[PDB]
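Chains as they are written, first to last, in PDB author numbering: chain G, 32 to 141, 150 to 185, 189 to 309, 312 to 321, 321A, 322 to 398, 410 to 505; chain B, 512 to 549, 564 to 664; chain F, 589 to 664; chain A, 512 to 549, 564 to 664; chain L, 1 to 108; chain H, 1 to 52, 52A to 52B, 53 to 82, 82A to 82C, 83 to 100, 100A to 100N, 101 to 113.
Take a look at the structure below.
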Ligand SMILES: *[C@@H]1O[C@H](CO)[C@@H](O[C@@H]2O[C@H](CO)[C@@H](O[C@@H]3O[C@H](CO[C@H]4O[C@H](CO)[C@@H](O)[C@H](O)[C@@H]4O)[C@@H](O)[C@H](O[C@H]4O[C@H](CO)[C@@H](O)[C@H](O)[C@@H]4O[C@H]4O[C@H](CO)[C@@H](O)[C@H](O)[C@@H]4O)[C@@H]3O)[C@H](O)[C@H]2NC(C)=O)[C@H](O)[C@H]1NC(C)=O
Ligand SMILES: *[C@@H]1O[C@H](CO)[C@@H](O[C@@H]2O[C@H](CO)[C@@H](O[C@@H]3O[C@H](CO[C@H]4O[C@H](CO)[C@@H](O)[C@H](O)[C@@H]4O)[C@@H](O)[C@H](O[C@H]4O[C@H](CO)[C@@H](O)[C@H](O)[C@@H]4O)[C@@H]3O)[C@H](O)[C@H]2NC(C)=O)[C@H](O)[C@H]1NC(C)=O
Ligand SMILES: *[C@@H]1O[C@H](CO)[C@@H](O[C@@H]2O[C@H](CO)[C@@H](O[C@@H]3O[C@H](CO[C@H]4O[C@H](CO)[C@@H](O)[C@H](O)[C@@H]4O)[C@@H](O)[C@H](O[C@H]4O[C@H](CO)[C@@H](O)[C@H](O)[C@@H]4O)[C@@H]3O)[C@H](O)[C@H]2NC(C)=O)[C@H](O)[C@H]1NC(C)=O
Ligand SMILES: *[C@@H]1O[C@H](CO)[C@@H](O[C@@H]2O[C@H](CO)[C@@H](O[C@@H]3O[C@H](CO[C@H]4O[C@H](CO)[C@@H](O)[C@H](O)[C@@H]4O)[C@@H](O)[C@H](O[C@H]4O[C@H](CO)[C@@H](O)[C@H](O)[C@@H]4O)[C@@H]3O)[C@H](O)[C@H]2NC(C)=O)[C@H](O)[C@H]1NC(C)=O
Ligand SMILES: *[C@@H]1O[C@H](CO)[C@@H](O[C@@H]2O[C@H](CO)[C@@H](O[C@@H]3O[C@H](CO)[C@@H](O)[C@H](O)[C@@H]3O)[C@H](O)[C@H]2NC(C)=O)[C@H](O)[C@H]1NC(C)=O
Ligand SMILES: *[C@@H]1O[C@H](CO)[C@@H](O[C@@H]2O[C@H](CO)[C@@H](O[C@@H]3O[C@H](CO)[C@@H](O)[C@H](O)[C@@H]3O)[C@H](O)[C@H]2NC(C)=O)[C@H](O)[C@H]1NC(C)=O
Ligand SMILES: *[C@@H]1O[C@H](CO)[C@@H](O[C@@H]2O[C@H](CO)[C@@H](O)[C@H](O)[C@H]2NC(C)=O)[C@H](O)[C@H]1NC(C)=O
Ligand SMILES: *[C@@H]1O[C@H](CO)[C@@H](O[C@@H]2O[C@H](CO)[C@@H](O)[C@H](O)[C@H]2NC(C)=O)[C@H](O)[C@H]1NC(C)=O
Ligand SMILES: *[C@@H]1O[C@H](CO)[C@@H](O[C@@H]2O[C@H](CO)[C@@H](O)[C@H](O)[C@H]2NC(C)=O)[C@H](O)[C@H]1NC(C)=O
Ligand SMILES: *[C@@H]1O[C@H](CO)[C@@H](O[C@@H]2O[C@H](CO)[C@@H](O)[C@H](O)[C@H]2NC(C)=O)[C@H](O)[C@H]1NC(C)=O
Ligand SMILES: *[C@@H]1O[C@H](CO)[C@@H](O[C@@H]2O[C@H](CO)[C@@H](O)[C@H](O)[C@H]2NC(C)=O)[C@H](O)[C@H]1NC(C)=O
Ligand SMILES: *[C@@H]1O[C@H](CO)[C@@H](O[C@@H]2O[C@H](CO)[C@@H](O)[C@H](O)[C@H]2NC(C)=O)[C@H](O)[C@H]1NC(C)=O
Ligand SMILES: *[C@@H]1O[C@H](CO)[C@@H](O[C@@H]2O[C@H](CO)[C@@H](O)[C@H](O)[C@H]2NC(C)=O)[C@H](O)[C@H]1NC(C)=O
Ligand SMILES: *[C@@H]1O[C@H](CO)[C@@H](O[C@@H]2O[C@H](CO)[C@@H](O)[C@H](O)[C@H]2NC(C)=O)[C@H](O)[C@H]1NC(C)=O
Ligand SMILES: *[C@@H]1O[C@H](CO)[C@@H](O[C@@H]2O[C@H](CO)[C@@H](O)[C@H](O)[C@H]2NC(C)=O)[C@H](O)[C@H]1NC(C)=O
Ligand SMILES: *[C@@H]1O[C@H](CO)[C@@H](O[C@@H]2O[C@H](CO)[C@@H](O)[C@H](O)[C@H]2NC(C)=O)[C@H](O)[C@H]1NC(C)=O
Ligand SMILES: *[C@@H]1O[C@H](CO)[C@@H](O)[C@H](O)[C@H]1NC(C)=O
């Protein structure tokens, strides 16, 4: 028979693509008026009733390890933090000689030498006058020059003090696609991050993603619906990190019990430096606590899921971190504005062979000079928070690394890992992909154009 | 017994539907290509990026419309042509294509001949314009 | 705006006639009143409630016109 | 003996060709007007300048298309009209223009009457729309 | 909305005689009928769909005829493995109303 | 063959809740709609609820159970779930799950429509009982 080309405009066809998504937030942040970086510089109001269309018959290939959404989110968060820090105070004058003594006023043995009482000369609002002041500095934030100390950052760069009016608390962020692009979502319960998905949908915006910055433990994230999920770009390659998603959260209570006082020191015209004035009461180690039974059950489930890839009879070892700097060797996070680094050796100290409120306690240290994003030369100073700090969070996942193993295959040991925040974003964006619409189609019909 | 969906399919709702049935919801995709799914940026990296994306979207939409006009199919969602179908591109009969295939499958099948078809459409439209001018100059 | 006009089958035209009949519910004024005693601002105020209904009807009519065109001319 | 060029003329390749022959390569110039000759800018003076240029190009292209539509010639590379030619604009016979002249020479010759012709095209198209409405209202 | 009645309530028939069950609908369905058999203390089976077509996997020992509002189920020779509750169902609307059921037994 | 096994039926007090699960095998679960049918003790069959095929975007419930019953599928699990909530004395019965001859979602005129043509294959039975 006679067939002719026919053109269709607006056909449902798409290809894998990369683009620039935009971000949306709920009105609640606008009602806080605490100047959240995301709601202030990047995001717009969220749609009251987001649209989700379920694509019947559609099976789509996903790969969470080659998703540009993660890269865009990493770049966006870094840029927003830098932008929020631009108008803040630069602590150049703070790079001076410090005369430091111990703080032995009712301290515990574990907190001996952790805090230092440092006196120094500082500039005033008058360029021709100097003021002798004192402050308390954490042992990690100072280094001995030769009783003489200097700030750790003084030989690398000057730190920018965080503006107390700016809030970095994670508020949910939705990523939304512009014209000509779509976001596809995999709703399979046992989707491992790579391969086909048979239950696909298209969404205007992603679900509320909280950009939580943490290491060795994913906090306040999404949970698996059926069972614990193990995800890795290549499980057999020990050099690739493993992302573990829990089906039930694990409560973690972190606290700084020391009652701290914030003191303002005028270092220039309109320039104030917020230091630690004094400690009211005794000095105790900040610490985190998790239930022993819940952690043991979660580790058992994780081991059960790992044995599907590493053998039903292989011995599984959970050991602490190998080495590196404080950020990677410790569970690092932000509690009420203070930067905690906690020792997780008590969490990964187990053996499994394939055969009640003890409340595991993790000691923690606190830092004020912060190097984020694994960068160098852009240090940030965190002003102290007045009072006693307590936060409660949910461990929803882990980042793990496997040792080489020597190919013996008899045993496998896993250690907490992290550092690169891109894995944290992948833990939430694994189910999303971006596609570009191709609206033009050509097909045969019996329709023929007039002459 | 007939069960009825609450609302029309929506954006990409016919991606898994047959090519014949998907023709009833081309307008939604066409609209999305320009306006997205149915305030002011600030100077900065983020705002500049968004403005670049919007300009790119406008350019892409205009490129598609330019192609349609060049084929003589401007202002139409379904446009018939004078270009005969070559069985080399595909030998499937009409029933298979329009009742047992999706547009994604069809694109996978005939993705190799798309540019050839586009060029043929261009030539046919140009010849149509020339012949129109000559035939109607004879008037 | 141009996309809407094209979707209605009225691309490249300042005045475009359609196949959608007028519903007296939208307005019962006779032609003389509208076209010799009314302004476009007044008309917009009067029929602003039914604008989206009319737009949807135009969309449906144009789509049906395209489908019927294809079928009728495939018979050729 | 016939020598043949490797490829079709290309962008502006017919600038020196006769007006009749140049009609075969209008599409290339039309495409270039929008997309240029067949990634992301960074915030700064340079990127801002480039984005301004791209927006200006889009506006210019849309202005041309708006003019064509206003003349009733949307979606066409060659459009015939109802406006008679005035010998005052040019008295050259058809053979001279379409076999012995280039478009650049023609533009130089009739550059003074271009706006007059544009206005006449506008009026003719508007009258055509009005007469169409009345004639077909009689139906 | 659509009321479905089977008559008679029960039937006692000899081995090898015609058995007829009448099905009455308040509103016309005219093609949407299913004839089910639920043997005593067992799951139901589907015999005829559309009131005229036998279901695959069953011998041609049952017939159905009807339209509009009236339908009829006809049984071939009443073999011993035939006793069961015969149900007359409609699928013209989203309620899938069932019939009260008809009890068929052999002479005894 | 096309086999349906039903489970999850026990005993629950009035005003409570119960979940019934049906496992399907021998056929494409996603390609057919499914019905929940109830046989009251000594009474006739009574249709309860139906869910369309595929993603199960359509659900229809009997007026007797409307507002307190919910039907659900799991195509990966090949499981059909009924969420009996706010039970009453009359809900005690034998509940069957049956495969519809059709019910696959269809695109007709740009709309999602489901054609249900009855029940071709039934399960074997699962009894629920309410007492107090
Ligand atoms: C995982 O998710 C959990 C829960 O989502 C989250 O825990 C939450 O953490 C946030 C921040 O750490 C908590 O919010 C703070 O809560 C304290 C405690 O106040 C309680 O009581 C008041 C009484 O009205 C309630 O309104 C309040 O909601 C709490 O229930 C507040 O004091 C905090 O507000 C102060 O700090 C804010 C930020 O600085 C200021 O914007 C605000 O105006 C308040 O100012 C105070 O501090 C200033 C210095 O910072 C000082 O200058 C002022 O004068 C004033 O003293 C804040 O609202 C929230 O309660 C937690 N929720 C739960 C359930 O625990 C985890 O943190 C999260 N995990 C991670 C890793 O992110
Ligand atoms: C970090 O390091 C800084 C500096 O070394 C410490 O600051 C010092 O704290 C001590 C103890 O509080 C201060 O000494 C005390 O000052 C009290 C306040 O009096 C002021 O006014 C009087 C009268 O003009 C002055 O003589 C005096 O110098 C102060 O300027 C005095 O009342 C105290 O003496 C009286 O009370 C005590 C306690 O009851 C009695 O034992 C005495 O006999 C007397 O009756 C005492 O002199 C000192 O001045 C502070 N220095 C500065 C520069 O501020 C921080 O405490 C330290 N922090 C930590 C955590 O280690
Ligand atoms: C996920 O991660 C796993 C683990 O890293 C990868 O598996 C590795 O794959 C590589 C490449 O195929 C393997 O290396 C190759 O091994 C071949 C088999 O030889 C075995 O025995 C010899 C004995 O001497 C060992 O040296 C060797 O490592 C193997 O154990 C070799 O024949 C190959 O040699 C050839 O290729 C190399 C590389 O190009 C050349 O340099 C050589 O000259 C030669 O031409 C090669 O060495 C590796 O052994 C695998 N490891 C394990 C533990 O299985 C997966 O590939 C990865 N998956 C994805 C998708 O990336
Ligand atoms: C997901 O994937 C499934 C599987 O492919 C799709 O299911 C198909 O859905 C289409 C409708 O979208 C079905 O087609 C329709 O068939 C109706 C009748 O078909 C019967 O009768 C014909 C007679 O020739 C037989 O050939 C056929 O086998 C059936 O027995 C038509 O009535 C429908 O409309 C047609 O007729 C009307 C007039 O009545 C015209 O106006 C229409 O333009 C059209 O010509 C329609 O053609 C198709 O049968 C289904 N296939 C299967 C295997 O079930 C889903 O659609 C797809 N999408 C979704 C969202 O699930
Ligand atoms: C803040 O600045 C003041 C003034 O610069 C510092 O005090 C000064 O300290 C120096 C060094 O200790 C003193 O010089 C030394 O004096 C001793 C006698 O005490 C002498 O033996 C040494 O040879 C040397 O000359 C200087 O006199 C002193 N000036 C004062 C007190 O006015 C002070 O140390 C600074 N504070 C900090 C925390 O650095
Ligand atoms: C990791 O796990 C190991 C094994 O559970 C821990 O080592 C064990 O720690 C307990 C508690 O300190 C030891 O018990 C103690 O023994 C001493 C000596 O007999 C006794 O005096 C104490 O009262 C207590 O009973 C146990 O011996 C010890 N075992 C080994 C092999 O070292 C280890 O501490 C854990 N690490 C972390 C960081 O939690
Ligand atoms: C001041 O603090 C420093 C740092 O903690 C102390 O130095 C340590 O003191 C202990 C106790 O004598 C020694 O065992 C260590 O070897 C010292 N060095 C380190 C690196 O810990 C110092 O003793 C403290 N002095 C006073 C008076 O409190
Ligand atoms: C940590 O997890 C617990 C348990 O999932 C959360 O507590 C529940 O929060 C949901 C919020 O919708 C409530 O509906 C539940 O009633 C809460 N309790 C239980 C037992 O589920 C808690 O909110 C989580 N905390 C954070 C910070 O995410
Ligand atoms: C995630 O699941 C996919 C399949 O759904 C896995 O990919 C398969 O891996 C096996 C080896 O285990 C290969 O034999 C297959 O050819 C792969 N198929 C596809 C489509 O990828 C993938 O390995 C899984 N990833 C994990 C468990 O990390
Ligand atoms: C931390 O220290 C401050 C200051 O010492 C405490 O504030 C006092 O609170 C009590 C009531 O608990 C009041 O009677 C005092 O007037 C307050 N003094 C101030 C504000 O200077 C605060 O309560 C302490 N917090 C904790 C948890 O111990
Ligand atoms: C973390 O803190 C919460 C409170 O913020 C603790 O929850 C309390 O747990 C005790 C003991 O089980 C109960 O008596 C309280 O009623 C709980 N209060 C609540 C839930 O608000 C929780 O136990 C802590 N977890 C630890 C220390 O591991
Ligand atoms: C975290 O805690 C563990 C145990 O509580 C500490 O382990 C000790 O580490 C020292 C220093 O290398 C070793 O000599 C001891 O063998 C360890 N003791 C125990 C109890 O195992 C570990 O030091 C802590 N991490 C850091 C860096 O402070
Ligand atoms: C359909 O397409 C094929 C190409 O796939 C055309 O066949 C070509 O014809 C040209 C012109 O004669 C030859 O130069 C090529 O060598 C041919 N290639 C092949 C693979 O056959 C065919 O002519 C087209 N059909 C029609 C009707 O034009
Ligand atoms: C003119 O518009 C009215 C609505 O204002 C149409 O009347 C509706 O018709 C539909 C379809 O029968 C009913 O469901 C509505 O209840 C009616 N509403 C009202 C207010 O009457 C009317 O049909 C339209 N006229 C034409 C010719 O279509
Ligand atoms: C061709 O153009 C000329 C103008 O160059 C037209 O002549 C003008 O006609 C108007 C109307 O009568 C007069 O007001 C002008 O004075 C005339 N100018 C000149 C220079 O003659 C002429 O009418 C046009 N030809 C046609 C057929 O309309
Ligand atoms: C695909 O996943 C969605 C989301 O879970 C399934 O639809 C959900 O079904 C469960 C149980 O009925 C509930 O969460 C909601 O009723 C549904 N949610 C939404 C947003 O529709 C859907 O059934 C799945 N499709 C399959 C498995 O084919
Ligand atoms: C891990 O534990 C060992 C043994 O207790 C200890 O020597 C090592 O320092 C620990 N590593 C970290 C990073 O805490």
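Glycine residues also receive a C-beta, built at the ideal position from the N, C-alpha and C atoms.
For residue j and residue i, the rounded distance between their alpha carbons
{"i": "residue 84 of chain L", "j": "residue 350 of chain G", "result": "53 Å"}
{"i": "residue 32 of chain G", "j": "residue 617 of chain B", "result": "12 Å"}
{"i": "residue 94 of chain H", "j": "residue 102 of chain L", "result": "23 Å"}
{"i": "residue 516 of chain B", "j": "residue 91 of chain G", "result": "24 Å"}
{"i": "residue 364 of chain G", "j": "residue 307 of chain G", "result": "39 Å"}
{"i": "residue 659 of chain F", "j": "residue 55 of chain L", "result": "38 Å"}
{"i": "residue 1 of chain H", "j": "residue 26 of chain H", "result": "5 Å"}
Option nearest residue i by Cα separation, candidates the options
{"i": "residue 118 of chain G", "options": "G:105, G:66, G:127 and G:136", "result": "G:66"}
{"i": "residue 97 of chain H", "options": "H:91, H:100J and H:87", "result": "H:100J"}
{"i": "residue 544 of chain A", "options": "A:586, A:527, A:532 and A:570", "result": "A:586"}
{"i": "residue 300 of chain G", "options": "G:313, G:321A and G:309", "result": "G:321A"}
{"i": "residue 326 of chain G", "options": "G:37, G:127 and G:136", "result": "G:136"}
Collapsed DSSP secondary structure at residue i in the structure displayed
{"i": "residue 633 of chain B", "result": "helix"}
{"i": "residue 103 of chain G", "result": "helix"}
{"i": "residue 321 of chain G", "result": "strand"}
{"i": "residue 658 of chain B", "result": "helix"}
is_contact[residue i, chain A] using C-beta, thresh 8 Å
{"i": "residue 622 of chain F", "result": "no"}
Within-8 Å CB hit, residue i to chain F
{"i": "residue 600 of chain A", "result": "yes"}
C-beta neighbour in chain L for residue i, strict 8 Å
{"i": "residue 514 of chain B", "result": "yes"}
Minimum Cβ-Cβ distance from residue i to chain H less than 8 Å
{"i": "residue 526 of chain B", "result": "no"}
*How would the residue list near ligand 4 read, in chain order, if you kept each one whose beta-carbon is closer than 7 Å to any heavy atom?*
Each of G:87, G:88, B:527, B:528, B:529, B:531, B:532, B:624, B:625, H:52B, H:99, H:100, H:100A, H:100B, H:100C and H:100G has a C-beta closer than 7 Å to some heavy atom of ligand 4; these make up the full list, in chain order.
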